[PDB]
Structures are given as C-alpha cells and as structure tokens.
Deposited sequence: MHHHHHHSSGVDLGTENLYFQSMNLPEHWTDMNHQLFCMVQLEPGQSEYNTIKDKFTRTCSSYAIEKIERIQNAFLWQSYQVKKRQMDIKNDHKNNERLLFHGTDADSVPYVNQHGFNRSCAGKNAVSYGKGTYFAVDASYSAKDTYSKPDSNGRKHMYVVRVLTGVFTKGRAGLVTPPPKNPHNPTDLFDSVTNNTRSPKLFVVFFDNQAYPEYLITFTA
C-alpha cells in the first residue's frame, strides 16, 4: 500500500480527510482550481481502499506488460450524485450503473474538473454539496469511441480480441475517456464542493 497513505489500524478501507496547506491537499486542490477556481471546496478526502487498489495495480502491471511501456495511467475527474459516493468509495466505478453515453457503455472520466462540475454529473444534494472524484485511470492506448460500444474496439479487425484500452471523444486533444472494465479506475480523492 502506498507510502503517503496513513495507518488504518489493520483495516482495509478508510476515507482520510486531508490537512489543508500540506503538499498532498495543495497538489489535489490545484488540479481542481485549474478549471474550477469559482467553486468553494469544503474538504478533500483520500480514499484508502486496499482491495480496489490491489485489483487496479494488478491491471496496471498487466497493461504495462501488454503495451511494453509504463505510460498507461492518467489522472481524471468523475462527478457523481451523493447517493453513489458510498458505492464508489467501496466498489469503484461500475459501467452497469441518465446521462449521454455517445462514446460507449462504460464509465466516463473528464480531463477538466469543470466538465465533471456540471450539475448533470456532480448533482447538488439537499444541502447544495457537489461530489467529484480525482481518479487514476488506465487509459493505455486509446481510439475514438462511438455509441453502443460495450468494449473498446480492436486495434486491428484481423485480431478482434486484441483491444484498445479505452476510448475518447478526440485522440489528438482528448476531453473525456471511457473505460469498460472493473478495476481500470481507482478513485483516489473525493472533493466535496459548492458553486
């Protein structure tokens, strides 16, 4: 388990509220304020989920072998409703769980926090609180998505089981990625914020 995690008294799941003004909080807040500087941050939590981390790291090691390079991970954003937050913290992102799915039936992740900050995604709750994850995503080798995909396309129609790792809206200048498998995304931080 990562060095920057804090001790969990022999437990496997903890949400740790970050200390404002320390390097870790500052780094995550800056990623958010790059595009969401008009919002108000209530708190940032580090998600320490040993099981989800384990499964994700196995997939990363496999994708690093398959792709023969270690440039397969991106840090992306995911806005969701308050009622989904406990599920994501414990189980991560589930493609089987309203919004447009124009690039395929997977879990969507934004390059810019401002996109995930839309009320359609980070739905404000009874109190006006909005919720956005900072997510480690194994985007790997990607291609343009399209409606109705249930997996990424093959890299070559001649070898139909050798797949792209993810899809995007635009390969030259991506603003969203879609992944189609359990444990290709690790929810690393939860930002609680208002407009």
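S.K.: Quickly check which stretches of the deposited sequence aren't in the model, judged by C-alpha, and list them in order.
M.R.: Residues missing from the model, as numbered along the full deposited sequence, span 1-24, 122-123.
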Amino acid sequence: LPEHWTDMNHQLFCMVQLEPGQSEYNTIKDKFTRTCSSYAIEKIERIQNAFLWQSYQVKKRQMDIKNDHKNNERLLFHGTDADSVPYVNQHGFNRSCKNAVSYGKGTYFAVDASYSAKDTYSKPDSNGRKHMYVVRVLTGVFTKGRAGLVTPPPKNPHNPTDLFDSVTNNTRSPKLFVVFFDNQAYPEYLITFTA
From here on, numbers count along this sequence of modelled residues.
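For clarity, a rigid core is taken as the largest C-alpha set superposing within 1.5 Å between two forms.
S.K.: Report the stretch with the higher root mean square CA deviation, pooled over structures and residues in 9 other deposited structures of this protein, choosing between 179-187 and 8-16 after a rigid core fit.
M.R.: More C-alpha displacement in 9 other deposited structures of this protein shows up in 8-16.
S.K.: Out of 101-109 and 82-90, which one drifts farther from the shown form in 9 other deposited structures of this protein in terms of CA positions, with the fit done on the rigid core?
M.R.: Between 101-109 and 82-90, greater C-alpha deviation in 9 other deposited structures of this protein belongs to 101-109.
S.K.: Would 33-41 or 151-159 have the larger average of its C-alpha temperature factors, as given in the entry?
M.R.: Going by the record's values, the stretch with the higher mean is 151-159.
S.K.: So, looking at the entry's B-factor column for Cα atoms, which has the higher mean, 123-131 or 52-60?
M.R.: Stretch with the greater average CA B-factor: 123-131.
S.K.: Per the entry, which of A185, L12, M15, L176 tops the list for Cα B factor?
M.R.: The C-alpha B-factor peaks, among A185, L12, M15, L176, at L12.
S.K.: Quick check on the deposited entry: does the C-alpha B-factor of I65 sit in the lowest, middle or highest third of its chain?
M.R.: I65: CA B-factor falls in the highest third of its chain.
S.K.: When the modelled residues of the chain are sorted by Cα temperature factor, does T27 land in the lowest, middle or highest third?
M.R.: Highest third of the chain for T27's C-alpha B-factor.
S.K.: Taking the values exactly as deposited, rank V85 by C-alpha B-factor within its chain and report the matching third: lowest, middle or highest.
M.R.: CA B-factor rank for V85: middle third.
S.K.: When the modelled residues of the chain are sorted by Cα temperature factor, does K105 land in the lowest, middle or highest third?
M.R.: Middle third.
S.K.: Would the CA B-factor of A117 place it in the lowest, middle or highest third of its chain?
M.R.: Tercile = middle for this residue's CA B-factor.
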